[PDB]
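Below: one structure, written as structure tokens.
Convention: sequence-line order gives letters A, B, ...; per-chain numbering from 1.
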Amino acid sequence: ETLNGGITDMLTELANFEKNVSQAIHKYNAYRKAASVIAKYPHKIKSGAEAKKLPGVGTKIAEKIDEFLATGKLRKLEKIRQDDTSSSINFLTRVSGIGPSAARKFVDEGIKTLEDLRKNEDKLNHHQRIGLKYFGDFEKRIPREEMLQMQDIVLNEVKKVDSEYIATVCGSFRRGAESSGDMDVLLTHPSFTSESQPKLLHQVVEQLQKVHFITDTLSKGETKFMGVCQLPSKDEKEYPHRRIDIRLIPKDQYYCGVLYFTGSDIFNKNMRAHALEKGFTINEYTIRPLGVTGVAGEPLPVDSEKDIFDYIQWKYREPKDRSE
DNA sequence: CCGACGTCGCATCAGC
DNA sequence: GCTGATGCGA
DNA sequence: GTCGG
Ligand SMILES: Cc1cn([C@H]2C[C@H](O)[C@@H](COP(=O)(O)NP(=O)(O)OP(=O)(O)O)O2)c(=O)[nH]c1=O
Ligand SMILES: [Mg+2]
Ligand SMILES: [Mg+2]
Ligand code: NA
Ligand code: NA
């Protein structure tokens, strides 16, 4: 459970400062990877040396663990926690649309809190204003029961627009999780293929707006929608606003997309690793046979999830068991 | 020693 | 005004 | 920061 919580909390804090303040994205992923492998380690760690055996834990982190075990803290982490500039930069990045660079410029000109952002609207782009407005809501998870109600609305409205649409809610929801961070909707239509309107996505977004399910828009192109939605108010407390993505994908790429965006991260590259072990390369869009040469062949037809499993020596697995 | 470390759509900026 | 670069999220 | 060619 929280067997090494102090250690993994420490490493996660370190990770965020690397990304958000130091702008060192690879150190960010290094720390997270370290925190991940430790989180799954089934023993209360006794030394940095014990930890270093794990893939992703090196000399520096082994050292930091030693300091944490001896003193209950890290001098460097304590110090940066207390730094007004650095802690403010790291905090502002919690607002969707504010990345490390925007957070930096804000703190440079004295803008450090949500309140400061509130009285400085004209310095905010469209995404950032939405991120600010739903700061709290965007940090809540979504009970699976609300996700089902959300799914009810999306499948109904999609079919209403055109009964030949195919939509699938992917991500942690499809894997059967008890809660979700967002709603990932994948969309296709038999008239849409790789060698094939901009309206296929627009019409679906517009209908979800008409019935007031979709409430705001972060981005909307011809293939990808990123926005905000909310279940109707049950004389009751209103539901939090939620993040929803809608992806339009060609029919011949749809099920690679569904497999991909169902995950999990770790599960899927085990699956990709195993796939190439046999001369097939899997990506988001396609699956493709390698030659003796290493040259990829032309992409192969896929018409179900299970299809890809059959191309590559694997019995189809339920979404329910796809953590790894 | 020292380069890789994931990738890509969309919004918006920077250069011309 | 057009094209490529950058910031961002996931 | 860690790994590995
Ligand atoms: C965006 C993205 C997603 N994925 C897979 C893994 C995730 O399980 C799945 C959906 O992405 P997610 O919404 O970022 N994470 P999640 O849906 O699994 O969990 P959550 O409840 O949204 O937090 O897509 C990748 O493997 N590479 C990616 O770049
Ligand atoms: Mg998700
Ligand atoms: Mg997502
Ligand atoms: Na090691
Ligand atoms: Na942010």
Task: Salt-bridge criterion met for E157(A) and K160(A) (N-O under 4.0 Å) - done: yes

- [ ] Check every strand shown and say whether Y28(A) touches a base, only sugar-phosphate, or nothing at a heavy-atom separation below 4.0 Å.
- [x] nothing

Please set out all donor-acceptor pairs under 3.5 angstrom arising from side-chain atoms of residues 49-66 of chain A, sequence neighbours excluded.
| residue | atom | partner | partner atom | Å |
| --- | --- | --- | --- | --- |
| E50(A) | OE1 | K46(A) | N | 2.8 |
| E50(A) | OE2 | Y41(A) | OH | 2.6 |
| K64(A) | NZ | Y31(A) | OH | 3.3 |
| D66(A) | OD1 | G48(A) | N | 2.6 |

Open item on the list: Using a heavy-atom cut-off of 4.0 Å across all strands, would you classify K33(A) as base, sugar-phosphate, or nothing?
Closed with: nothing

Task: Close side-chain approach of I214(A) and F225(A), heavy atoms under 4.5 Å - done: yes

TODO: Taking atom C1' in both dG9(C) and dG6(B), compute the distance separating them and give it to the nearest angstrom.
DONE: 14 Å

Task: DNA chain D: 5'-most and 3'-most nucleotides touching chain A, 4.0 angstrom heavy-atom criterion - done: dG1(D) to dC3(D)

Open item on the list: Please determine whether any donor N or O and acceptor N or O are separated by less than 3.5 Å between the side chain of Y260(A) and the base of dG6(B).
Closed with: yes

Open item on the list: Check this for me: does any side-chain nitrogen of one of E146(A) and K140(A) sit under 4.0 Å from a carboxylate oxygen of the other?
Closed with: no

TODO: Grab the CD1-P distance between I249(A) and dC8(B) for me, whole Å please.
DONE: 14 Å

TODO: Using a heavy-atom cut-off of under 4.0 Å over every strand shown, decide if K60(A) touches base, sugar-phosphate, or nothing.
DONE: sugar-phosphate

Enumerate all atom pairs, one protein N or O and one N or O from nucleotides 6-10 of chain C, separated by less than 3.5 Å.
| residue | atom | partner | partner atom | Å |
| --- | --- | --- | --- | --- |
| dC8(C) | OP1 | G99(A) | N | 3.0 |
| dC8(C) | OP1 | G99(A) | O | 3.4 |
| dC8(C) | OP1 | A102(A) | N | 2.9 |
| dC8(C) | OP2 | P100(A) | N | 3.4 |
| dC8(C) | OP2 | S101(A) | N | 3.1 |
| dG9(C) | OP1 | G97(A) | N | 2.8 |
| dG9(C) | OP1 | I98(A) | O | 3.4 |
| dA10(C) | OP1 | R243(A) | NE | 3.0 |
| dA10(C) | OP1 | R243(A) | NH2 | 3.1 |

Open item on the list: Here's a test of your reading of the structure: between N29(A) and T217(A), which maps to the more 5' nucleotide of DNA chain B?
Closed with: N29(A)

Open item on the list: Determine whether a donor-acceptor pair (N or O, by modelled atom type, separation under 3.5 Å) exists between the side chain of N4(A) and the backbone of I45(A).
Closed with: yes

Open item on the list: Return whichever of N125(A) or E284(A) has its heavy-atom-nearest nucleotide of DNA chain B closer to the 5' end.
Closed with: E284(A)

Task: Residues in ring pair (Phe, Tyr, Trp, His ring centres under 6.0 Å) contact with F213(A), at least two apart in sequence or another chain - done: none

Task: SB check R174(A) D184(A) (cutoff 4.0 Å) - done: no

Open item on the list: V161(A) and side chain to side chain contact (heavy atoms under 4.5 Å, CB included): which single residue from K210(A), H189(A), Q203(A) fits?
Closed with: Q203(A)

Open item on the list: Run the ring pair (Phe, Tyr, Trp, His ring centres under 6.0 Å) test against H241(A) and tell me which residues pass, sequence neighbours left out.
Closed with: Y134(A)

Open item on the list: Checking side-chain polar atoms at under 3.5 Å, does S323(A) have a donor or acceptor matched by the opposite partner on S264(A)?
Closed with: no

Open item on the list: Once you apply a heavy-atom cut-off of 4.0 Å, does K64(A) come out as touching a base, just sugar-phosphate, or nothing?
Closed with: sugar-phosphate

Interface polar pairs with nucleotides 2-5 of chain B, N/O, under 3.5 angstrom:
| residue | atom | partner | partner atom | Å |
| --- | --- | --- | --- | --- |
| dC5(B) | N1 | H26(A) | ND1 | 3.4 |

Open item on the list: I'd like to know if the side chain of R144(A) and the backbone of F173(A) have a donor-acceptor N/O pair within less than 3.5 Å.
Closed with: yes

